[PDB]
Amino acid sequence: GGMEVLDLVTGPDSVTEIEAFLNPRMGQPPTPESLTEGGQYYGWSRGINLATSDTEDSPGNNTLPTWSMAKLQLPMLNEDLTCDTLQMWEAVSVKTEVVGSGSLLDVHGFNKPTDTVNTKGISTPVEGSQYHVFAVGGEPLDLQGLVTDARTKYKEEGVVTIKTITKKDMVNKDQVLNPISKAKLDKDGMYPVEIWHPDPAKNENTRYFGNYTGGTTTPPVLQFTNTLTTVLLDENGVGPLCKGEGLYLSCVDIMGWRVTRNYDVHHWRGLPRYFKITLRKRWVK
């Protein structure tokens, strides 16, 4: 009925918790699992390939980090759907954490060494551009497309890009804000983060939080604790409401790149994110 938020439902089972972890989608898929057939790159992207000229930029799909997303089912609520007043799940808060930064302390590998003159020192740790965004909502995250170069030739299959949505080539307006270029995060590991951003004009039922730090050798920084709670309630004390009984989790956590000893080839590094959402039942008209 009319989306008028009423009281908080009380009684047995009116509150619940949902846990989930989303693994990064940096480029290399989970399979093959073989550590000699490509599996060794899981959690990373494959070697970043550069444009050959100002008009020929064709990045490989497996070199492009994409959004991670999961749709989780919540326990049922309404029997009589035609009642004037119904119940709905409401996301109150979430404890989220990026796991694994300690693994970046491995500086004993075969990356580009710190002393390139003599090929000594330590294996250079992951550094560079970082990007962390997470969202919790009752609908898929609304995306707004914006790219560095509208001339970039993305593969037509394997990834969802602006052309996939509009059925036409990107225009110059796509390098700034073009209202026509919109989509929804409805698939895991398919929407490149260099193209799709959270849409501030929509997302009425989703709360998203993002931050970016660029550069080429910028030190990665991360905090992690099980004592930090992120409030999802808006200024009116109402959190995201699940209209379809399915909760949406979205995220991307890029730590930077590792660099090889062969022509400075860069590989993106991503880390998994944990979510623990507290939900409660809400009376809605």
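Numbers for residues come from their place in the sequence shown, where the first is 1. Here, rigid core means the biggest group of C-alpha atoms that superpose within 1.5 Å across both forms.
The segment moving more, judged by mean Cα distance from this form in 4 other deposited structures of this protein after a core overlay, is 241-249 among 255-263 and 241-249. Rigid core fits of the other structures in 4 other deposited structures of this protein place the C-alpha atoms of one stretch farther away on average; of 193-201 and 113-121, that stretch is 113-121.
Of the other compared PDB entries of this protein that include residues on both sides, all give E156 atoms, none of them, and so not a third, leaving it without. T206 is built in all of the other entries compared, counting only those with both neighbours built, so it is not a gap in a third. Checked against the record, the higher mean CA B factor of 125-133 and 176-184 lies with 176-184.
Remark: stretch with higher mean C-alpha B factor among 159-167 and 113-121 is 159-167. Residue-level inspection of the entry shows that, of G256, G244, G43, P65, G244 has the top Cα B-factor. Between the residues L77, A201, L146, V193, the entry's highest C-alpha temperature factor is the one at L77. The entry lists a Cα temperature factor for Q87 that places it in the highest third of the chain's modelled residues. When all modelled residues of the chain are sorted by CA temperature factor, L81 is found within the highest third. Looking at the C-alpha B-factors along this chain, the one for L72 belongs to the highest third. The PDB entry assigns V231 a C-alpha temperature factor belonging to the middle third of its chain's modelled residues. Among the modelled residues of the chain, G60 sits in the middle third by CA temperature factor in this PDB entry.
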